[PDB]
>>> print(open('upload30.tsv').read())   # TSV, N, CA and C atoms and all ligand atoms
chain	number	residue	atom	x	y	z
A	23	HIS	N	-4.74	25.46	-7.42
A	23	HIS	CA	-6.18	25.18	-7.24
A	23	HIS	C	-6.87	25.28	-8.56
A	24	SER	N	-7.68	24.28	-8.87
A	24	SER	CA	-8.49	24.25	-10.09
A	24	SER	C	-9.87	24.67	-9.73
A	25	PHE	N	-10.12	25.97	-9.78
A	25	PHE	CA	-11.42	26.53	-9.41
A	25	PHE	C	-12.47	26.32	-10.48
A	26	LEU	N	-13.75	26.25	-10.11
A	26	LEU	CA	-14.79	26.16	-11.10
A	26	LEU	C	-14.81	27.43	-11.94
A	27	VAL	N	-14.87	27.27	-13.28
A	27	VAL	CA	-15.00	28.43	-14.17
A	27	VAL	C	-16.20	28.39	-15.07
A	28	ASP	N	-16.83	27.24	-15.24
A	28	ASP	CA	-18.08	27.14	-16.00
A	28	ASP	C	-18.83	25.91	-15.58
A	29	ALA	N	-20.15	25.92	-15.72
A	29	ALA	CA	-20.96	24.77	-15.38
A	29	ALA	C	-22.23	24.78	-16.21
A	30	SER	N	-22.73	23.57	-16.46
A	30	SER	CA	-24.04	23.35	-17.08
A	30	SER	C	-24.78	22.26	-16.32
A	31	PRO	N	-25.98	22.51	-15.77
A	31	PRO	CA	-26.53	23.86	-15.57
A	31	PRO	C	-25.63	24.75	-14.74
A	32	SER	N	-25.73	26.06	-14.81
A	32	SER	CA	-24.94	26.85	-13.85
A	32	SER	C	-25.79	27.48	-12.77
A	33	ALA	N	-25.11	28.13	-11.85
A	33	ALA	CA	-25.71	28.69	-10.65
A	33	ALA	C	-26.91	29.55	-11.01
A	34	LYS	N	-28.01	29.22	-10.33
A	34	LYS	CA	-29.30	29.91	-10.41
A	34	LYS	C	-30.04	29.74	-11.75
A	35	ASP	N	-29.57	28.83	-12.61
A	35	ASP	CA	-30.26	28.55	-13.88
A	35	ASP	C	-31.57	27.85	-13.59
A	36	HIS	N	-32.54	28.16	-14.44
A	36	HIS	CA	-33.72	27.34	-14.62
A	36	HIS	C	-33.61	26.62	-15.92
A	37	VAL	N	-33.85	25.32	-15.91
A	37	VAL	CA	-33.81	24.49	-17.10
A	37	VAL	C	-35.22	23.97	-17.30
A	38	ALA	N	-35.57	23.75	-18.56
A	38	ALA	CA	-36.94	23.41	-18.94
A	38	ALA	C	-37.25	21.94	-18.80
A	39	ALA	N	-36.22	21.14	-18.61
A	39	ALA	CA	-36.35	19.71	-18.45
A	39	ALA	C	-35.17	19.18	-17.67
A	40	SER	N	-35.27	17.94	-17.21
A	40	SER	CA	-34.19	17.36	-16.41
A	40	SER	C	-32.91	17.33	-17.25
A	41	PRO	N	-31.78	17.80	-16.69
A	41	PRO	CA	-30.52	17.76	-17.46
A	41	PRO	C	-30.00	16.33	-17.57
A	42	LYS	N	-29.54	15.92	-18.72
A	42	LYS	CA	-29.00	14.56	-18.85
A	42	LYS	C	-27.70	14.41	-18.06
A	43	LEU	N	-26.94	15.48	-17.98
A	43	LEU	CA	-25.77	15.47	-17.14
A	43	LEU	C	-25.45	16.84	-16.63
A	44	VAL	N	-24.61	16.84	-15.60
A	44	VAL	CA	-23.99	18.04	-15.06
A	44	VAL	C	-22.59	18.07	-15.62
A	45	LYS	N	-22.20	19.19	-16.21
A	45	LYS	CA	-20.87	19.39	-16.79
A	45	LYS	C	-20.18	20.50	-16.06
A	46	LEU	N	-18.99	20.24	-15.53
A	46	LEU	CA	-18.21	21.25	-14.84
A	46	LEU	C	-16.88	21.45	-15.52
A	47	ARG	N	-16.43	22.70	-15.63
A	47	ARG	CA	-15.11	23.01	-16.18
A	47	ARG	C	-14.38	23.87	-15.18
A	48	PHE	N	-13.11	23.55	-14.98
A	48	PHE	CA	-12.25	24.14	-13.96
A	48	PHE	C	-11.14	24.94	-14.61
A	49	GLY	N	-10.47	25.76	-13.80
A	49	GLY	CA	-9.37	26.57	-14.26
A	49	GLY	C	-8.04	25.88	-14.42
A	50	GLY	N	-7.97	24.64	-14.00
A	50	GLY	CA	-6.76	23.80	-14.13
A	50	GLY	C	-7.25	22.37	-14.14
A	51	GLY	N	-6.31	21.44	-14.28
A	51	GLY	CA	-6.66	20.01	-14.33
A	51	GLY	C	-7.28	19.56	-13.02
A	52	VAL	N	-8.13	18.54	-13.11
A	52	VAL	CA	-8.62	17.81	-11.96
A	52	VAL	C	-8.47	16.33	-12.24
A	53	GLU	N	-8.43	15.54	-11.16
A	53	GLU	CA	-8.22	14.11	-11.25
A	53	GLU	C	-9.56	13.42	-11.13
A	54	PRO	N	-10.15	12.90	-12.21
A	54	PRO	CA	-11.48	12.35	-12.11
A	54	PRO	C	-11.67	11.23	-11.06
A	55	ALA	N	-10.68	10.35	-10.92
A	55	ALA	CA	-10.83	9.22	-9.99
A	55	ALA	C	-10.79	9.67	-8.55
A	56	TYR	N	-10.33	10.89	-8.29
A	56	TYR	CA	-10.31	11.46	-6.93
A	56	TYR	C	-11.13	12.73	-6.87
A	57	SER	N	-12.19	12.79	-7.67
A	57	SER	CA	-13.12	13.95	-7.65
A	57	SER	C	-14.54	13.45	-7.46
A	58	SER	N	-15.37	14.28	-6.86
A	58	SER	CA	-16.73	13.92	-6.50
A	58	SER	C	-17.67	15.07	-6.89
A	59	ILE	N	-18.79	14.72	-7.51
A	59	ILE	CA	-19.89	15.64	-7.78
A	59	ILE	C	-21.12	14.94	-7.20
A	60	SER	N	-21.95	15.73	-6.53
A	60	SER	CA	-23.20	15.22	-5.98
A	60	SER	C	-24.35	16.14	-6.35
A	61	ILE	N	-25.53	15.57	-6.58
A	61	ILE	CA	-26.76	16.34	-6.67
A	61	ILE	C	-27.59	16.06	-5.47
A	62	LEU	N	-28.03	17.13	-4.81
A	62	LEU	CA	-28.91	17.09	-3.63
A	62	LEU	C	-30.26	17.63	-4.02
A	63	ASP	N	-31.32	17.01	-3.54
A	63	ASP	CA	-32.67	17.58	-3.76
A	63	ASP	C	-32.98	18.70	-2.79
A	64	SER	N	-34.19	19.24	-2.87
A	64	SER	CA	-34.54	20.42	-2.11
A	64	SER	C	-34.65	20.20	-0.63
A	65	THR	N	-34.60	18.94	-0.19
A	65	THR	CA	-34.51	18.60	1.26
A	65	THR	C	-33.07	18.28	1.70
A	66	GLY	N	-32.15	18.28	0.76
A	66	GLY	CA	-30.77	17.91	0.99
A	66	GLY	C	-30.50	16.41	0.88
A	67	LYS	N	-31.46	15.62	0.40
A	67	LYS	CA	-31.25	14.21	0.17
A	67	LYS	C	-30.32	14.01	-1.03
A	68	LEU	N	-29.38	13.08	-0.89
A	68	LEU	CA	-28.45	12.74	-1.96
A	68	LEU	C	-29.18	12.01	-3.07
A	69	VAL	N	-29.19	12.60	-4.26
A	69	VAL	CA	-29.83	11.99	-5.44
A	69	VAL	C	-28.84	11.06	-6.15
A	70	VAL	N	-27.63	11.57	-6.41
A	70	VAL	CA	-26.60	10.81	-7.12
A	70	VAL	C	-25.26	11.43	-6.82
A	71	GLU	N	-24.23	10.60	-6.79
A	71	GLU	CA	-22.84	11.05	-6.67
A	71	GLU	C	-22.01	10.36	-7.72
A	72	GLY	N	-21.01	11.06	-8.23
A	72	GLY	CA	-20.00	10.43	-9.08
A	72	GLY	C	-19.16	11.45	-9.80
A	73	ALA	N	-18.40	11.03	-10.81
A	73	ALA	CA	-17.59	11.93	-11.64
A	73	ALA	C	-16.93	11.13	-12.73
A	74	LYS	N	-16.97	11.66	-13.95
A	74	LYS	CA	-16.16	11.04	-15.00
A	74	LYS	C	-15.46	12.11	-15.79
A	75	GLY	N	-14.37	11.71	-16.41
A	75	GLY	CA	-13.62	12.61	-17.28
A	75	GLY	C	-12.97	11.87	-18.41
A	76	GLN	N	-12.34	12.63	-19.28
A	76	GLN	CA	-11.60	12.12	-20.44
A	76	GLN	C	-10.20	12.68	-20.34
A	77	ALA	N	-9.19	11.85	-20.61
A	77	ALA	CA	-7.81	12.26	-20.41
A	77	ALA	C	-7.34	13.48	-21.22
A	78	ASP	N	-7.93	13.63	-22.41
A	78	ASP	CA	-7.61	14.76	-23.27
A	78	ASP	C	-8.29	16.08	-22.89
A	79	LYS	N	-9.17	16.04	-21.89
A	79	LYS	CA	-9.86	17.23	-21.36
A	79	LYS	C	-9.70	17.26	-19.84
A	80	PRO	N	-8.46	17.52	-19.38
A	80	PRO	CA	-8.18	17.38	-17.94
A	80	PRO	C	-8.96	18.36	-17.05
A	81	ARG	N	-9.45	19.45	-17.63
A	81	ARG	CA	-10.12	20.48	-16.84
A	81	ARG	C	-11.62	20.23	-16.70
A	82	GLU	N	-12.15	19.14	-17.24
A	82	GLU	CA	-13.61	18.92	-17.25
A	82	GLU	C	-14.03	17.69	-16.51
A	83	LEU	N	-15.20	17.75	-15.90
A	83	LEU	CA	-15.83	16.57	-15.31
A	83	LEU	C	-17.26	16.55	-15.71
A	84	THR	N	-17.83	15.34	-15.78
A	84	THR	CA	-19.29	15.21	-15.95
A	84	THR	C	-19.88	14.23	-14.96
A	85	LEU	N	-21.19	14.40	-14.69
A	85	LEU	CA	-21.94	13.46	-13.86
A	85	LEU	C	-23.25	13.18	-14.60
A	86	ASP	N	-23.52	11.90	-14.86
A	86	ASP	CA	-24.82	11.51	-15.47
A	86	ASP	C	-25.90	11.59	-14.42
A	87	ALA	N	-26.96	12.34	-14.70
A	87	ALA	CA	-28.05	12.49	-13.73
A	87	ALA	C	-29.16	11.50	-14.05
A	88	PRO	N	-29.80	10.97	-13.03
A	88	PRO	CA	-31.11	10.32	-13.27
A	88	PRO	C	-32.14	11.37	-13.58
A	89	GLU	N	-33.33	10.95	-13.97
A	89	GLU	CA	-34.43	11.82	-14.21
A	89	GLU	C	-34.78	12.57	-12.96
A	90	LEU	N	-34.69	13.89	-13.04
A	90	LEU	CA	-34.96	14.77	-11.92
A	90	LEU	C	-36.37	15.35	-11.98
A	91	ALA	N	-37.10	15.17	-10.88
A	91	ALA	CA	-38.38	15.78	-10.69
A	91	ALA	C	-38.28	17.29	-10.72
A	92	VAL	N	-39.33	17.96	-11.12
A	92	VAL	CA	-39.43	19.40	-11.06
A	92	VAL	C	-39.12	19.86	-9.64
A	93	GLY	N	-38.32	20.91	-9.55
A	93	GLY	CA	-37.94	21.53	-8.30
A	93	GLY	C	-36.48	21.97	-8.32
A	94	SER	N	-36.02	22.39	-7.14
A	94	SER	CA	-34.67	22.93	-7.02
A	94	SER	C	-33.70	21.87	-6.49
A	95	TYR	N	-32.45	22.01	-6.95
A	95	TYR	CA	-31.35	21.11	-6.64
A	95	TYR	C	-30.09	21.88	-6.34
A	96	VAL	N	-29.20	21.24	-5.60
A	96	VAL	CA	-27.86	21.76	-5.41
A	96	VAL	C	-26.89	20.75	-5.95
A	97	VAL	N	-25.95	21.27	-6.74
A	97	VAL	CA	-24.79	20.54	-7.17
A	97	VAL	C	-23.70	20.91	-6.22
A	98	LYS	N	-23.07	19.90	-5.61
A	98	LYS	CA	-21.85	20.16	-4.84
A	98	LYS	C	-20.73	19.37	-5.44
A	99	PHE	N	-19.52	19.83	-5.23
A	99	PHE	CA	-18.34	19.17	-5.81
A	99	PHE	C	-17.16	19.30	-4.90
A	100	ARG	N	-16.30	18.28	-4.95
A	100	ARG	CA	-15.09	18.29	-4.16
A	100	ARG	C	-14.05	17.58	-4.99
A	101	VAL	N	-13.14	18.36	-5.58
A	101	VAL	CA	-12.24	17.86	-6.61
A	101	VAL	C	-10.81	17.90	-6.13
A	102	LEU	N	-10.02	16.98	-6.66
A	102	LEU	CA	-8.55	17.02	-6.44
A	102	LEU	C	-7.91	17.65	-7.66
A	103	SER	N	-7.32	18.83	-7.46
A	103	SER	CA	-6.65	19.54	-8.56
A	103	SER	C	-5.36	18.85	-8.93
A	104	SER	N	-4.92	19.09	-10.16
A	104	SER	CA	-3.69	18.46	-10.64
A	104	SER	C	-2.49	18.98	-9.88
A	105	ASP	N	-2.58	20.15	-9.23
A	105	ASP	CA	-1.47	20.65	-8.46
A	105	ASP	C	-1.47	20.15	-7.03
A	106	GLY	N	-2.35	19.19	-6.71
A	106	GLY	CA	-2.41	18.57	-5.42
A	106	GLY	C	-3.37	19.18	-4.42
A	107	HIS	N	-4.15	20.21	-4.79
A	107	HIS	CA	-4.99	20.96	-3.84
A	107	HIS	C	-6.44	20.67	-4.03
A	108	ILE	N	-7.13	20.54	-2.92
A	108	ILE	CA	-8.55	20.20	-2.93
A	108	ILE	C	-9.38	21.47	-3.04
A	109	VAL	N	-10.40	21.41	-3.90
A	109	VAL	CA	-11.36	22.48	-4.10
A	109	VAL	C	-12.78	21.95	-3.87
A	110	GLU	N	-13.54	22.61	-3.01
A	110	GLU	CA	-14.96	22.38	-2.84
A	110	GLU	C	-15.76	23.54	-3.36
A	111	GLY	N	-16.97	23.24	-3.87
A	111	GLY	CA	-17.92	24.31	-4.16
A	111	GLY	C	-19.29	23.70	-4.34
A	112	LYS	N	-20.25	24.55	-4.68
A	112	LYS	CA	-21.65	24.19	-4.70
A	112	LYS	C	-22.48	25.30	-5.33
A	113	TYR	N	-23.56	24.92	-5.98
A	113	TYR	CA	-24.50	25.91	-6.52
A	113	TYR	C	-25.86	25.29	-6.72
A	114	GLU	N	-26.88	26.13	-6.88
A	114	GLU	CA	-28.25	25.68	-7.03
A	114	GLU	C	-28.70	25.83	-8.47
A	115	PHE	N	-29.62	24.96	-8.89
A	115	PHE	CA	-30.36	25.18	-10.16
A	115	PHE	C	-31.75	24.62	-9.98
A	116	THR	N	-32.65	25.03	-10.87
A	116	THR	CA	-34.05	24.60	-10.81
A	116	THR	C	-34.49	23.95	-12.10
A	117	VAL	N	-35.16	22.81	-11.94
A	117	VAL	CA	-35.86	22.14	-13.06
A	117	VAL	C	-37.28	22.65	-13.04
A	118	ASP	N	-37.61	23.42	-14.07
A	118	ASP	CA	-38.99	23.90	-14.28
A	118	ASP	C	-39.86	22.84	-14.95
A	119	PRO	N	-41.19	22.91	-14.75
A	119	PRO	CA	-42.10	22.09	-15.54
A	119	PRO	C	-42.16	22.60	-16.98
A	120	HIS	N	-42.31	21.67	-17.90
A	120	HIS	CA	-42.58	22.01	-19.30
A	120	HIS	C	-43.96	21.52	-19.76
A	121	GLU	N	-44.74	21.01	-18.82
A	121	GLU	CA	-46.09	20.52	-19.05
A	121	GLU	C	-46.72	20.40	-17.68
A	122	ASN	N	-48.02	20.17	-17.63
A	122	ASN	CA	-48.68	19.93	-16.35
A	122	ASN	C	-48.16	18.66	-15.67
A	123	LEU	N	-48.02	18.74	-14.34
A	123	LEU	CA	-47.58	17.61	-13.51
A	123	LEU	C	-48.78	17.00	-12.82
A	124	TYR	N	-48.92	15.69	-12.93
A	124	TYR	CA	-50.03	14.94	-12.34
A	124	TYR	C	-49.58	14.01	-11.20
B	201	CL	CL	-4.63	22.25	-17.46
B	202	CU	CU	-3.64	25.03	-5.77
>>> encode(input="upload30.tsv", output="structure tokens", more="lines below")
Ligand SMILES: [Cl-]
Ligand SMILES: [Cu+2]
Amino acid sequence: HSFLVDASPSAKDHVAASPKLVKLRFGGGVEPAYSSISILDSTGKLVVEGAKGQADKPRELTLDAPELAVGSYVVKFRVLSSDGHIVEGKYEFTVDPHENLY
């Protein structure tokens, strides 16, 4: 099992602006073409799903995010580990305002 070992943003982080991407790092290889990352908004609506990786960094995945409105989000993931085992997980982060919102 390739468990999550690091993330950006990570669980319970507040970020000052919308993240350009979500970056996940696992404890073993994952297969990007058979892995999924999703961002959910604070109502649980699907904002974006996907996953990309680079062959020389088998333990990492990224997801390009659209511009995220201020508020809380959940990142969920469901990855296929290189040892053949599926891993799911999820965590929350918050986009704080960095200026007044109109
Ligand atoms: Cl590895
Ligand atoms: Cu395993």
>>> closest_atom_pairs(input="upload30.tsv", of="segment 23-81 of chain A", to="segment 108-111 of chain A", cutoff="8 Å", atoms="only N, CA and C atoms", output="Markdown table")
| residue | atom | partner | partner_atom | distance |
| --- | --- | --- | --- | --- |
| A:23 | CA | A:108 | N | 6.4 |
| A:24 | C | A:109 | CA | 6.2 |
| A:25 | CA | A:109 | CA | 6.7 |
| A:26 | N | A:109 | CA | 7.5 |
>>> closest_residue(input="upload30.tsv", among="A:84, A:65, A:58, A:103", to="ligand CU 202 (chain B)", atoms="all atoms listed in the file")
A:103
>>> atom_distance(input="upload30.tsv", atom1="atom CA of residue 70 of chain A", atom2="atom CA of residue 88 of chain A")
7.6 Å
>>> residues_around(input="upload30.tsv", residues="residue 69 of chain A", least_positions_apart="4", cutoff="7 Å", atoms="all atoms listed in the file", output="MDAnalysis selection string")
chainID A and resid 60:63 88
>>> residues_near_ligand(input="upload30.tsv", ligand="ligand CL 201 (chain B)", cutoff="6 Å", atoms="all atoms listed in the file", output="number ranges by chain")
A: 49-51, 80-81
>>> closest_residue(input="upload30.tsv", among="A:35, A:53, A:121, A:78", to="residue 97 of chain A", atoms="only C-alpha atoms")
A:35
>>> atom_distance(input="upload30.tsv", atom1="atom C of residue 56 of chain A", atom2="atom N of residue 96 of chain A")
20.0 Å
>>> atom_distance(input="upload30.tsv", atom1="atom C of residue 94 of chain A", atom2="atom CA of residue 75 of chain A")
24.6 Å
>>> select_by_dssp(input="upload30.tsv", residues="segment 27-109 of chain A", states="strand (DSSP E)", output="mmCIF file with N, CA and C atoms, in the frame of the given file")
data_model
loop_
_atom_site.group_PDB
_atom_site.id
_atom_site.type_symbol
_atom_site.label_atom_id
_atom_site.label_comp_id
_atom_site.auth_asym_id
_atom_site.auth_seq_id
_atom_site.Cartn_x
_atom_site.Cartn_y
_atom_site.Cartn_z
ATOM 1 N N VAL A 27 -14.870 27.270 -13.280
ATOM 2 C CA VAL A 27 -15.000 28.430 -14.170
ATOM 3 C C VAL A 27 -16.200 28.390 -15.070
ATOM 4 N N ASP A 28 -16.830 27.240 -15.240
ATOM 5 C CA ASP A 28 -18.080 27.140 -16.000
ATOM 6 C C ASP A 28 -18.830 25.910 -15.580
ATOM 7 N N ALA A 29 -20.150 25.920 -15.720
ATOM 8 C CA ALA A 29 -20.960 24.770 -15.380
ATOM 9 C C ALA A 29 -22.230 24.780 -16.210
ATOM 10 N N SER A 30 -22.730 23.570 -16.460
ATOM 11 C CA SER A 30 -24.040 23.350 -17.080
ATOM 12 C C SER A 30 -24.780 22.260 -16.320
ATOM 13 N N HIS A 36 -32.540 28.160 -14.440
ATOM 14 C CA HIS A 36 -33.720 27.340 -14.620
ATOM 15 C C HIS A 36 -33.610 26.620 -15.920
ATOM 16 N N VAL A 37 -33.850 25.320 -15.910
ATOM 17 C CA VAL A 37 -33.810 24.490 -17.100
ATOM 18 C C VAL A 37 -35.220 23.970 -17.300
ATOM 19 N N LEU A 43 -26.940 15.480 -17.980
ATOM 20 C CA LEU A 43 -25.770 15.470 -17.140
ATOM 21 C C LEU A 43 -25.450 16.840 -16.630
ATOM 22 N N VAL A 44 -24.610 16.840 -15.600
ATOM 23 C CA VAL A 44 -23.990 18.040 -15.060
ATOM 24 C C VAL A 44 -22.590 18.070 -15.620
ATOM 25 N N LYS A 45 -22.200 19.190 -16.210
ATOM 26 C CA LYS A 45 -20.870 19.390 -16.790
ATOM 27 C C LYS A 45 -20.180 20.500 -16.060
ATOM 28 N N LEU A 46 -18.990 20.240 -15.530
ATOM 29 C CA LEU A 46 -18.210 21.250 -14.840
ATOM 30 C C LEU A 46 -16.880 21.450 -15.520
ATOM 31 N N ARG A 47 -16.430 22.700 -15.630
ATOM 32 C CA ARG A 47 -15.110 23.010 -16.180
ATOM 33 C C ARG A 47 -14.380 23.870 -15.180
ATOM 34 N N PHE A 48 -13.110 23.550 -14.980
ATOM 35 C CA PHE A 48 -12.250 24.140 -13.960
ATOM 36 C C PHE A 48 -11.140 24.940 -14.610
ATOM 37 N N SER A 58 -15.370 14.280 -6.860
ATOM 38 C CA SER A 58 -16.730 13.920 -6.500
ATOM 39 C C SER A 58 -17.670 15.070 -6.890
ATOM 40 N N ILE A 59 -18.790 14.720 -7.510
ATOM 41 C CA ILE A 59 -19.890 15.640 -7.780
ATOM 42 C C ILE A 59 -21.120 14.940 -7.200
ATOM 43 N N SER A 60 -21.950 15.730 -6.530
ATOM 44 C CA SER A 60 -23.200 15.220 -5.980
ATOM 45 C C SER A 60 -24.350 16.140 -6.350
ATOM 46 N N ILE A 61 -25.530 15.570 -6.580
ATOM 47 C CA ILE A 61 -26.760 16.340 -6.670
ATOM 48 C C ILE A 61 -27.590 16.060 -5.470
ATOM 49 N N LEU A 62 -28.030 17.130 -4.810
ATOM 50 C CA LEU A 62 -28.910 17.090 -3.630
ATOM 51 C C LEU A 62 -30.260 17.630 -4.020
ATOM 52 N N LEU A 68 -29.380 13.080 -0.890
ATOM 53 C CA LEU A 68 -28.450 12.740 -1.960
ATOM 54 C C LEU A 68 -29.180 12.010 -3.070
ATOM 55 N N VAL A 69 -29.190 12.600 -4.260
ATOM 56 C CA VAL A 69 -29.830 11.990 -5.440
ATOM 57 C C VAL A 69 -28.840 11.060 -6.150
ATOM 58 N N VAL A 70 -27.630 11.570 -6.410
ATOM 59 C CA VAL A 70 -26.600 10.810 -7.120
ATOM 60 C C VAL A 70 -25.260 11.430 -6.820
ATOM 61 N N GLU A 71 -24.230 10.600 -6.790
ATOM 62 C CA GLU A 71 -22.840 11.050 -6.670
ATOM 63 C C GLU A 71 -22.010 10.360 -7.720
ATOM 64 N N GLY A 72 -21.010 11.060 -8.230
ATOM 65 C CA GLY A 72 -20.000 10.430 -9.080
ATOM 66 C C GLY A 72 -19.160 11.450 -9.800
ATOM 67 N N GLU A 82 -12.150 19.140 -17.240
ATOM 68 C CA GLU A 82 -13.610 18.920 -17.250
ATOM 69 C C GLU A 82 -14.030 17.690 -16.510
ATOM 70 N N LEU A 83 -15.200 17.750 -15.900
ATOM 71 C CA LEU A 83 -15.830 16.570 -15.310
ATOM 72 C C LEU A 83 -17.260 16.550 -15.710
ATOM 73 N N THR A 84 -17.830 15.340 -15.780
ATOM 74 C CA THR A 84 -19.290 15.210 -15.950
ATOM 75 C C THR A 84 -19.880 14.230 -14.960
ATOM 76 N N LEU A 85 -21.190 14.400 -14.690
ATOM 77 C CA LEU A 85 -21.940 13.460 -13.860
ATOM 78 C C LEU A 85 -23.250 13.180 -14.600
ATOM 79 N N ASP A 86 -23.520 11.900 -14.860
ATOM 80 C CA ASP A 86 -24.820 11.510 -15.470
ATOM 81 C C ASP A 86 -25.900 11.590 -14.420
ATOM 82 N N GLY A 93 -38.320 20.910 -9.550
ATOM 83 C CA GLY A 93 -37.940 21.530 -8.300
ATOM 84 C C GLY A 93 -36.480 21.970 -8.320
ATOM 85 N N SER A 94 -36.020 22.390 -7.140
ATOM 86 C CA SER A 94 -34.670 22.930 -7.020
ATOM 87 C C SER A 94 -33.700 21.870 -6.490
ATOM 88 N N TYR A 95 -32.450 22.010 -6.950
ATOM 89 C CA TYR A 95 -31.350 21.110 -6.640
ATOM 90 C C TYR A 95 -30.090 21.880 -6.340
ATOM 91 N N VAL A 96 -29.200 21.240 -5.600
ATOM 92 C CA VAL A 96 -27.860 21.760 -5.410
ATOM 93 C C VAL A 96 -26.890 20.750 -5.950
ATOM 94 N N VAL A 97 -25.950 21.270 -6.740
ATOM 95 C CA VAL A 97 -24.790 20.540 -7.170
ATOM 96 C C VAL A 97 -23.700 20.910 -6.220
ATOM 97 N N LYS A 98 -23.070 19.900 -5.610
ATOM 98 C CA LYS A 98 -21.850 20.160 -4.840
ATOM 99 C C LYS A 98 -20.730 19.370 -5.440
ATOM 100 N N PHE A 99 -19.520 19.830 -5.230
ATOM 101 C CA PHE A 99 -18.340 19.170 -5.810
ATOM 102 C C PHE A 99 -17.160 19.300 -4.900
ATOM 103 N N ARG A 100 -16.300 18.280 -4.950
ATOM 104 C CA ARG A 100 -15.090 18.290 -4.160
ATOM 105 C C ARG A 100 -14.050 17.580 -4.990
ATOM 106 N N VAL A 101 -13.140 18.360 -5.580
ATOM 107 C CA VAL A 101 -12.240 17.860 -6.610
ATOM 108 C C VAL A 101 -10.810 17.900 -6.130
ATOM 109 N N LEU A 102 -10.020 16.980 -6.660
ATOM 110 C CA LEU A 102 -8.550 17.020 -6.440
ATOM 111 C C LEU A 102 -7.910 17.650 -7.660
ATOM 112 N N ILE A 108 -7.130 20.540 -2.920
ATOM 113 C CA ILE A 108 -8.550 20.200 -2.930
ATOM 114 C C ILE A 108 -9.380 21.470 -3.040
ATOM 115 N N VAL A 109 -10.400 21.410 -3.900
ATOM 116 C CA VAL A 109 -11.360 22.480 -4.100
ATOM 117 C C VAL A 109 -12.780 21.950 -3.870
#
>>> closest_residue(input="upload30.tsv", among="A:87, A:82, A:52, A:120", to="ligand CU 202 (chain B)", atoms="only C-alpha atoms and all ligand atoms")
A:52
>>> closest_residue(input="upload30.tsv", among="A:119, A:124, A:86, A:46", to="residue 27 of chain A", atoms="all atoms listed in the file")
A:46
>>> decode(input="upload30.tsv", residues="segment 35-46 of chain A", atoms="N, CA, C and O atoms", output="JSON list (two decimals), in the first residue's frame")
[["chain", "number", "residue", "atom", "x", "y", "z"],
["A", 35, "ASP", "N", -4.75, 22.86, 6.66],
["A", 35, "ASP", "CA", -4.02, 24.08, 6.29],
["A", 35, "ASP", "C", -5.01, 25.15, 5.89],
["A", 35, "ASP", "O", -6.05, 24.89, 5.31],
["A", 36, "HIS", "N", -4.61, 26.38, 6.20],
["A", 36, "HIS", "CA", -5.17, 27.57, 5.58],
["A", 36, "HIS", "C", -4.15, 28.13, 4.65],
["A", 36, "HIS", "O", -3.00, 28.35, 5.05],
["A", 37, "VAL", "N", -4.57, 28.44, 3.43],
["A", 37, "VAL", "CA", -3.71, 29.01, 2.41],
["A", 37, "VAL", "C", -4.27, 30.39, 2.12],
["A", 37, "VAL", "O", -5.47, 30.61, 2.22],
["A", 38, "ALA", "N", -3.39, 31.30, 1.75],
["A", 38, "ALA", "CA", -3.73, 32.71, 1.58],
["A", 38, "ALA", "C", -4.33, 33.02, 0.24],
["A", 38, "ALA", "O", -4.82, 34.14, 0.02],
["A", 39, "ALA", "N", -4.23, 32.09, -0.69],
["A", 39, "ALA", "CA", -4.76, 32.24, -2.02],
["A", 39, "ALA", "C", -5.04, 30.88, -2.61],
["A", 39, "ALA", "O", -4.58, 29.87, -2.06],
["A", 40, "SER", "N", -5.77, 30.84, -3.72],
["A", 40, "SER", "CA", -6.12, 29.56, -4.33],
["A", 40, "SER", "C", -4.84, 28.83, -4.72],
["A", 40, "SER", "O", -3.98, 29.42, -5.35],
["A", 41, "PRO", "N", -4.72, 27.53, -4.36],
["A", 41, "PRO", "CA", -3.51, 26.78, -4.75],
["A", 41, "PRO", "C", -3.52, 26.48, -6.24],
["A", 41, "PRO", "O", -4.54, 26.05, -6.76],
["A", 42, "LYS", "N", -2.41, 26.64, -6.92],
["A", 42, "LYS", "CA", -2.37, 26.33, -8.35],
["A", 42, "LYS", "C", -2.53, 24.82, -8.58],
["A", 42, "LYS", "O", -3.14, 24.39, -9.56],
["A", 43, "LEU", "N", -2.02, 24.04, -7.66],
["A", 43, "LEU", "CA", -2.23, 22.61, -7.73],
["A", 43, "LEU", "C", -2.22, 22.00, -6.37],
["A", 43, "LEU", "O", -1.83, 22.61, -5.36],
["A", 44, "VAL", "N", -2.75, 20.77, -6.34],
["A", 44, "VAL", "CA", -2.67, 19.88, -5.19],
["A", 44, "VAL", "C", -1.56, 18.91, -5.50],
["A", 44, "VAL", "O", -1.55, 18.32, -6.59],
["A", 45, "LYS", "N", -0.62, 18.75, -4.58],
["A", 45, "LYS", "CA", 0.51, 17.84, -4.71],
["A", 45, "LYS", "C", 0.44, 16.81, -3.63],
["A", 45, "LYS", "O", 0.41, 17.15, -2.44],
["A", 46, "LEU", "N", 0.44, 15.53, -4.00],
["A", 46, "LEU", "CA", 0.42, 14.44, -3.03],
["A", 46, "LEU", "C", 1.64, 13.57, -3.19],
["A", 46, "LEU", "O", 2.05, 13.29, -4.32]]
